[PDB]
Amino acid sequence: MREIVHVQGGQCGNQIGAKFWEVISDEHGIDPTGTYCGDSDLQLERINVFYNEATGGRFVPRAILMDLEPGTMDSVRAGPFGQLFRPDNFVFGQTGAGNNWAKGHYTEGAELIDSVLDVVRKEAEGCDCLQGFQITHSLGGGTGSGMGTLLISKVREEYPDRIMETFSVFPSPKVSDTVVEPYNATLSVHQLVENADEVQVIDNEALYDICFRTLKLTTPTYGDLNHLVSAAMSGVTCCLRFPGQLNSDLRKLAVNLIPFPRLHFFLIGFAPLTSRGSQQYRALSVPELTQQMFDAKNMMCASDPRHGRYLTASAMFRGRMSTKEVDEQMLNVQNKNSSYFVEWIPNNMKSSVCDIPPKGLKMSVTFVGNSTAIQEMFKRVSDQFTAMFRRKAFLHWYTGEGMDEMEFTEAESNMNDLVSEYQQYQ
Amino acid sequence: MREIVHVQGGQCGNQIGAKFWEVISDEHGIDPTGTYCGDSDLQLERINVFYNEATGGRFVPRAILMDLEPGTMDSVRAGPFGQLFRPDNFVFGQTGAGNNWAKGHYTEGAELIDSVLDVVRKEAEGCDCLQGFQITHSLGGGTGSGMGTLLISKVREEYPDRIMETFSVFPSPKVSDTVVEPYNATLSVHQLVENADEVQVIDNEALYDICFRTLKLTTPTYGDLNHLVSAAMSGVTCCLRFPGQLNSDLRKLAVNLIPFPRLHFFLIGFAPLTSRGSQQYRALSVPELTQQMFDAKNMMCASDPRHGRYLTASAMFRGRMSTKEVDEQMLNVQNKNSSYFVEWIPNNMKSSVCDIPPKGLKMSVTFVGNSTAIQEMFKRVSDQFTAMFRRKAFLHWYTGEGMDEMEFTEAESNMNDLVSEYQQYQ
Amino acid sequence: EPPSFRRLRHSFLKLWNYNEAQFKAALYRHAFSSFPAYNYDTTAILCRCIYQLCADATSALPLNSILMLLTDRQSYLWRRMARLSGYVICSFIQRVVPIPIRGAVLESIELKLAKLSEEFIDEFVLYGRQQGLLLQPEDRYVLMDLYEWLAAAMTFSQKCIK
Amino acid sequence: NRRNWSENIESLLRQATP
Amino acid sequence: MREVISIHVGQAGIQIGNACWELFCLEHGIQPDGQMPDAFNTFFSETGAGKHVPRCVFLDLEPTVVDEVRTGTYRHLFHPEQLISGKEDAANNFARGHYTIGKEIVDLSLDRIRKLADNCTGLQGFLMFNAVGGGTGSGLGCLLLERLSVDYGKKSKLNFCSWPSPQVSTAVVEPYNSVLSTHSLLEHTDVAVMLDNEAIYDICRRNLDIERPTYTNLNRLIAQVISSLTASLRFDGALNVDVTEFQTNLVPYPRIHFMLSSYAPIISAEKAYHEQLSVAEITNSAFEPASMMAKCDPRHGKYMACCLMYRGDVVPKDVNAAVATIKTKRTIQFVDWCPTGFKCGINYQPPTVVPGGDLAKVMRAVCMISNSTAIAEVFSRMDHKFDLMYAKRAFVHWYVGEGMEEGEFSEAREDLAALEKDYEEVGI
Amino acid sequence: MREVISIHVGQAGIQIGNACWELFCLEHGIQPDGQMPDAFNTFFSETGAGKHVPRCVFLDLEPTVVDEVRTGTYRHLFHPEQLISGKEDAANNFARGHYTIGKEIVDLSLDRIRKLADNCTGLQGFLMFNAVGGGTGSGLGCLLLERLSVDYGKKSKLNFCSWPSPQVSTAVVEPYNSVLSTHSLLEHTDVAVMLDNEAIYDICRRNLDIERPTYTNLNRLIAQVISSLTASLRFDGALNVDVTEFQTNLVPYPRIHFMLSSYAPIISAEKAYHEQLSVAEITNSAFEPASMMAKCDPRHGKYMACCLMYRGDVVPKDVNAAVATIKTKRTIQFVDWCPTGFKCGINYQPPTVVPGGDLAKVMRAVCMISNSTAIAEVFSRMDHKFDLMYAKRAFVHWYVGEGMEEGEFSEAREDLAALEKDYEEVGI
Ligand SMILES: Nc1nc2c(ncn2[C@@H]2O[C@H](COP(=O)(O)OP(=O)(O)OP(=O)(O)O)[C@@H](O)[C@H]2O)c(=O)[nH]1
Ligand SMILES: Nc1nc2c(ncn2[C@@H]2O[C@H](COP(=O)(O)OP(=O)(O)OP(=O)(O)O)[C@@H](O)[C@H]2O)c(=O)[nH]1
Ligand SMILES: Nc1nc2c(ncn2[C@@H]2O[C@H](COP(=O)(O)OP(=O)(O)O)[C@@H](O)[C@H]2O)c(=O)[nH]1
Ligand SMILES: Nc1nc2c(ncn2[C@@H]2O[C@H](COP(=O)(O)OP(=O)(O)O)[C@@H](O)[C@H]2O)c(=O)[nH]1
Ligand SMILES: [Mg+2]
Ligand SMILES: [Mg+2]
């Protein structure tokens, strides 16, 4: 039936999906050696969406682990739930793109992407027909945005009607690691805007703000951030694995949240998120769920939703709840926060329920929402790009790899009219 | 019933033939002493195809081990499963061909081939109706390529309608050893096209490739490579020795793949082939068997089939599998990959099922495919042949003992017309 | 037609005649070599001394970009080698048609040509003399014939100057 | 003898039980 | 399979090189004989049974230093042909060490380099130690820079030069030596790292509280810089940052690849007993202008690029919480065309202190490599010292009598003067 | 079965033969009396019960070296007429060793040659070791070669000749004995191997670090060369390349059979200690022109054929990878008309190490015998030495008063100059 071949590019991509298969294996009751445990038929009737039989009863994930440097793939394989991946789905480079989008896309990711198209066609044609692909990578790196988006382009011409969905971490406003952030970011956003169907936008500074303000975690590591993103990544695919009162496949999220095909940039939230000492003090039902997810401190992007207008939003509830309070608790926030929603679209907002909650919680909800509020994040990466381009800085590392300054300039023009079609809706 | 008489030519054929007689021996439960063990009917139900009773209960192979040096004879005998052979079937040579096609075919092959034909007719007329012979040798040597094909000509004129199956280990494009490769190769093939029913090309560097990328070996020896070839040619003769729902013999196979008597050179692939960690991680089924079989990396030959057209094909499956899935998978690889198959033959391939799998495999498959993409071997040994011949290089080690230049001229003329016959069918 | 410009006319026709594959490998020979010790000492001087006068730019470049342009037939380097010697390469089969300087680049040529060790100067003397005697290694001839073009160009340019 | 000693593929051509 | 070849030329290259290979063998656990009681292969080659030999070459034109290494403790650690000696002193003379007596040893050293780097593919770079003040340090070291450029064009080249500091110079004619060296290391190395002698002497005095140090005391601190530099290639970290990352993040234009260095903490056992070595604390002392080990106050310059090698039990929360502090503080300033201006990396392994050394056990430390336009003035003081001597042909017969004639002095003048104008136009 | 008959003519033949047979007795494990404390049938006969005698003749006109052999340690190891002595020396004259005093010792040498060759049919050929610059090594060499040709025509007559090395000669009249030697062995020798002193001296200089080797130190090297070639005849291996396989795969044209040699690694205790002697590294080091054994440079020579014998724990896959890496390595260039240029062979038994010698325990070693067009330079400079010899009749009165007239020097010039232009036309 339905099937999602996960594809994982970059060091950040592999670490964020080592934890993605951590909570998916937990949710389906899977030993790190692939054996099922948990004597309930309701995990295993749709295990073909994310796993495959391996004639020994263990389940191999449909994950294409991909990197240009051998180091971090040795880390995921040696980590827990790390031998679950099959060895031939690891594709390795020997040199590694040095945070350089030019060499990642063109001169040394090209001989490796031949093997990547081989291993993704190994598992796409193995099933009868899949639903789509999900790709997790960075846009500030070299191996993720450079070579991983080369995969994003090539799978589009070979698989046109299928829907591909990217969970990309973006450059951060305040804290700027990996000093060539906007060069790799604007060039990747250029190629990704005509080669993707859903773009879930993630920001590391937003993850640190969630881990401090709502979770009260004094020492958040990268595993703590990767738990938070992956919890949303499970909630966006709940209905494809579990039943519910109002099922919604992932294509339903695409058709509902995209009024115009060139705008498909989203903002991701996850609820509930409660501090460990405050867990027993807080009631857990639908009104307390919906008041959390429509807060900027709960959102995973460097963009305040109050500064823009929600074009079309959606919620994927989870667990045993009433369809009644899915209706008017989602509606009373429309008619109270009237100014925050767009006028020329009535009933802006998709509601779905997937009856199986995540483990340790009785209900949850995942927010995927198209917003004009993503505008200022685009302006910040754009004007930093022109800041370094007006003085010709760092361009010899890119134009010396088989590039020309063409690909910077119409990336900028294709970026500022991505700005213009957003800024015309508020 | 039907018997196949094995002949090992040259030191290559002796080592890759001794590897054959221990995997057939293991398949039929025969100890190296010749005593049976394994208490099952189907192992001994057809043992006369490869073995003869010795009125003491031990089965002797119908194998004539034959060479011009005792160097590899005593290594075959002293090796494990080496005392299985009859000592009278050995034909020693004392002088040794100096890797000359002339010195094998003409000088000391003359007075030794009368001592091999007397035991070949002894093994042929001993049974009631012989099916045919299989011979196994390399085309880069002097004694195997030169005098081994001298045996091939005279078993043809003595037994015309019997099947003459040839396992030729062709010389290398890249890593050339035994420096007179194209002189031994071009002189062999122009004499072998007139006197062979089936020929199967095997390349050492393709076996090296299989041992590296698909099987992941760090220390590959010759015994590794010989076991790929032996396990491949066990699947060719499965239906001759075991019952099946759809039977296929060698004469069955020759009608399928020979539209014209000039082209009889085939590609061999063996599936499944997985490494240590990967063997417990893949699902052993028909669609992955045919997908891992219809690819370049599994071919035991250094010619890419995607660089031409699969003219005819065949697959001898082994195990208890569906006859549905075998035939539907043959239709899928033709319908999707239609560009790689020639148009004036509807359903270029066929299949067969042998109910007895190899030991330690639930299911396997071998592939025999006549393709026009193998012409790249013939040209790349033609331009190497004309590289030395154009200015009379190494010719005095051939013309000094009874071979002249005008049948050297007939050697490339019988070689380019093979390439031209492949060009017109592509 | 002056004899100085005629030596330019003759010198180019030698390097154009030399096979592109042979002159590719031979030029890479003298750069990566270690035996007789003059060998790269001529290479660093001469290969740069081509590009200095044939670009009229006193700035130097990395040697790997110099080497590729010195042998790639349809490059800017051979393009201006043609124009200086009274030729134009015309790509169709690149048939070449016999058509009819900054101060700072001049001392850069002069100073570093006077670093060519006592070997390379006097095989160049004997090579011209034995060319006449032959009428009456294939590796080392490549740089020496490259210095046919340098000697013809540098002498002719200062002749027009004074 | 030790010219042809495949102690690894003879067991790679059977289902290993690690 | 990562590997780094550590080329050492000159007496400073050898004596610094003895300290870092002492640190590498002690950190990786191998005894001085070569055997340890699997990510050490960036610096050590396997040799048969349990043996690990260094990946380096030693180059002096004299036996007086290198033969003493063969006489010393690490004699069975180093391969004999790895340590290469000439006979006669290059004698503070660029011309003799580049034209006259260096040629007889370049062919020996490059044969060894090719035989040592072709053993495994995927070579990562060439880490080079030299002193531009000395004769064979500047002259022979320049000569191998053309060799490694033409042979290995695309390979990374890290260079670590012991530049003559303004007041302390310990010789006379190096105002001629380091202007001839900087003329030819502009186009033959990828990253140059600035190190001055009194810039590490003054760190030893205020931080190590050592009033009477020696060269080996300085070479411990330089070895700590290199170990935290290539720390990620040897040990797994949260955010691995290789030496390919340094060129893609710190040199924005191929000429301006000079860059300074620093290390923090530099503390002995009498102060680690009292200090809490917070991530924010050690990075503020790393950004402290007196803590530069290149003798160049960055307050009279503008920061251009920045790189930090955190090393130890450093959580990625604290590096972001500390880099925001240095962004908001005004006395440090960045250039206006590099708004995003930081590169950070974290390795899990804590720094290793050598027994008998003056340092202390520290649970976390920061290597600090930054490019700034303040490096113009260290070339400017170099220009004034050279122009003073060259006004009347001083010490010129000791350079022109050995093969090179008049003209390389003027080319070194024009190339360094153009480097001043290039630094100025970038910094606006 | 298979066997080889060593011939040892000249004082170089006696001393090299001592090292070859000392090594061979050490390989098969036989005491100097001939006992043991069927792989030895190539070099040793089965004489009596438990005794083994060599298949070698020691044909030499100097009694002071071969009587000293028959009174030393191995005096019971050799049968007494294997060691054959004359009365007076040829004393570096081709004419005396071929015409006057050589004709009374060939008739007795062929008595022992026929008496040992009729032991068993299955002989591969002869291994004739001689000195070109000598008088007994060249004059008796010519006479013995032509009687061996007329009696044993199709047998593979191999030659390991001590050619006069280019700049040191330890003689004055060596160009006369060397030009007249080639006039014999172009029509007689099937496979000739170029050995010379000076190239074996400087591979002892740089690889064994021995600043003064004697002749026996050279003799261990040549003994290991012939041990690696004929190890295929004695011990079983993956690719057994016999003596018959040598002459086909190395000789494209019958006149050219002049091949150079290299044996690597050749390393003492200090530097068998720091490498891994992997197949790729020890096949590159065999191909260095420094490790040549003829003082002949392959840089100005084009390769024609190249044989590589391996001994030890050698895996075929890394051989095929390494021989591909040296084909893509383009310092050595193969001739256009011979694209494939390799004959490899693998033997598992490593060379046993001579105790008290100069080489150490090596797991795997490479021998190499290669044909190239670089042989023109080793014949052209002896041509230039000989044409000023014969210009004004220097040292001619000795030769012409010995039995040969004026004129045989002239056709010795004409056929060697024909050999020169033969090597020029091949590499076109
Ligand atoms: N930091 C540091 N600098 C050193 C060391 N040894 C020498 N130097 C510096 O090197 C400079 C002089 O160059 P040297 O390395 O001593 O000499 P050289 O490079 O071998 O060249 P020659 O003088 O011709 O032998 C002096 O200014 C010293 O400051 C050392 O161990 N550590
Ligand atoms: N490699 C090597 N060459 C030797 C050795 N002994 C002698 N030679 C060579 O032999 C040449 C001189 O000939 P000898 O062998 O000494 O004398 P001979 O062969 O007995 O014949 P005569 O010259 O007549 O005495 C010298 O030039 C050396 O090249 C040796 O032990 N090793
Ligand atoms: N959420 C998350 N972000 C990461 C992780 N590792 C690295 N990053 C981010 O990725 C950026 C570094 O780029 P990186 O992904 O390492 O480059 P790449 O390997 O070429 O894709 C940093 O700004 C980090 O914020 C991780 O495990 N989780
Ligand atoms: N696949 C395979 N090839 C071999 C084997 N032995 C030798 N060869 C090949 O045969 C060629 C040499 O021919 P060889 O058999 O030694 O000469 P012959 O004795 O005259 O037949 C080489 O190119 C080897 O690659 C073997 O056991 N298996
Ligand atoms: Mg100096
Ligand atoms: Mg003599």
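Note that chain F is numbered according to Swiss-Prot, with residues 1-37, 47-437 shown in order.
The way this entry was determined, per its header, is electron microscopy, 3.3 Å.
Each Cβ is built from the backbone N, Cα and C atoms, and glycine gets one as well.
Going by Swiss-Prot, these are the annotated features:
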type     : residues                                                           : note
ACT_SITE : F:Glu254                                                           : active site
BINDING  : F:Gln11, F:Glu71, F:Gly144, F:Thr145, F:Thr179, F:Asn206, F:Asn228 : GTP binding site
BINDING  : F:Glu71                                                            : Mg(2+) binding site
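Secondary structure at F:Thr145 (GTP binding site), taken from DSSP and collapsed to helix, strand or coil, is coil.
Here GTP is bound by F:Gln11, F:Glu71, F:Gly144, F:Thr145, F:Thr179, F:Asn206, F:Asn228 per the record. The longest Cα to Cα distance in that group is 21 Å. F:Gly144 are the binding-site residues among F:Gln11, F:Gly144, F:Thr179 whose C-beta comes within less than 6 Å of an atom of ligand 6, given in sequence order. The DSSP secondary structure for F:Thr179 (GTP binding site) is coil. Ranking the binding-site residues F:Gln11, F:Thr145, F:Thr179, F:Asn206, F:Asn228 by how many other Cβ atoms lie within 10 angstroms of each Cβ puts F:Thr179 at the bottom. In the three-state DSSP scheme, F:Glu71 (GTP binding site) falls into the coil class. Annotated pair F:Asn206 (GTP binding site) and F:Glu254 (active site), C-alpha to C-alpha distance, rounded: 28 Å. Closeness to chain B is evaluated for the recorded positions F:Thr145, F:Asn228, F:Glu254 by Cβ distance, with values under 8 Å counted; counted residues in sequence order are F:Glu254.
When Cβ atoms from all protein chains are considered, those within 10 Å of the residue listed as 'active site' total 23, not counting its own. Listed in sequence order, F:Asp98, F:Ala99, F:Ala100, F:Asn101, F:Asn102, F:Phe103, F:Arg105, F:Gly106, F:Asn186 are the same-chain residues at least 6 apart in sequence whose CB falls under 8 Å from the CB of F:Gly144 (GTP binding site). Here the residue listed as 'active site' is positioned 30 angstrom away from F:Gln11 (GTP binding site), judged by their C-alpha atoms.
F:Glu254 (active site) falls within a helical segment according to DSSP.
With a cut-off of under 6 Å between the Cβ and any atom of ligand 2, the recorded positions F:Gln11, F:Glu71, F:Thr145, F:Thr179, F:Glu254 reduce to F:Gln11, F:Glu71, F:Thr145, F:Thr179. Residues within less than 8 Å, Cβ to Cβ, of F:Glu71 (GTP binding site) and separated from it by at least 6 positions along the same chain comprise F:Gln11, F:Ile14, F:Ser94, F:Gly95, F:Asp98, F:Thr145. A distance of 36 Å separates the Cα atom of the residue listed as 'active site' from that of F:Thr179 (GTP binding site).
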